[PDB]
Amino acid sequence: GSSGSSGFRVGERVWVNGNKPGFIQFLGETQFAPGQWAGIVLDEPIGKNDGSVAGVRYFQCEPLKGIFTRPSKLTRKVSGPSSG
């Protein structure tokens, strides 16, 4: 039993939009927008930003390979385990 576990950490594999994997680099509230954000590095060019949002930088990634969204709006791979 892990006990606890609220969100994801830095360097974890998350699935954005329930169909967009990516490695997390930044975590916590941002400067451009309030609220704890979660920077995700998309593997394919299907995002919006690339490490910088409206000029504000956070991490180094590839073009169209970086998006910012709330952790609660993320999934863990494409499977869907159960309790039995």
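Neighbour counts run over all protein chains shown; Cβ positions are idealised from the backbone, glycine included. The numbers here are math on the coordinates, done by the rules we state, and not lab data.
Considering (1) surrounded by fewer than 12 Cβ atoms within 10 Å (Cβ to Cβ); (2) under 9 Å from the mean Cα position of the chain (by Cα), say which one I67 fails and leave the rest. It fails just one condition, (1). Confirm whether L64 is at positive phi and free of Cβ contacts under 8 Å to residues at least 60 places away in the same chain. Spelling it out, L64 is indeed at positive phi and free of Cβ contacts under 8 Å to residues at least 60 places away in the same chain.
Could you run through segment 1-25 and say how many residues are loosely packed, with under 13 Cβ neighbours inside 10 Å and either part of a strand (DSSP E or B) or out of contact with any strand residue (DSSP E or B) (no Cβ under 9 Å at 6 or more places or on another chain) (or both)? Count: 6. If you go through segment 26-84 and keep only what is in a strand (DSSP E or B) and of a type in the set (F, W, Y), you end up with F26, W37, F68.
Rundown of residues vs (1) out of contact with any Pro (no Cβ under 6 Å at 6 or more places or on another chain); (2) exposed (fewer than 15 other Cβ atoms within 10 Å of the Cβ); (3) not small (G, A, S), yes/no style:
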residue: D43; (1), (2), (3): no, yes, yes
residue: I46; (1), (2), (3): yes, yes, yes
residue: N49; (1), (2), (3): yes, no, yes
residue: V53; (1), (2), (3): yes, no, yes
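In segment 23-59, the residue that is farthest from the chain's Cα centre (by Cα) out of those that are of a type in the set (S, T, N, Q) and within 19 Å of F8 (Cα to Cα) is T30. Once segment 70-84 is narrowed to residues that are within 14 Å of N17 (Cα to Cα) and among the hydroxyl-bearing types (S, T, Y), the residue that is surrounded by the fewest Cβ atoms within 10 Å (Cβ to Cβ) is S72. For segment 32-41, a tally of residues being in contact with a strand residue (DSSP E or B) (Cβ under 9 Å, 6 or more places away or on another chain) and surrounded by fewer than 11 Cβ atoms within 10 Å (Cβ to Cβ) returns 1. Figure legend. Inter-residue proximity from segment 18-35: first residues in contact (Cβ under 8 Å) with a residue 60 or more places away in the chain, second residues β-branched (V, I, T), beta-carbon distance below 9 Å, spacing 6+ or different chains. Indicated pairs: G18/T75; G18/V78.
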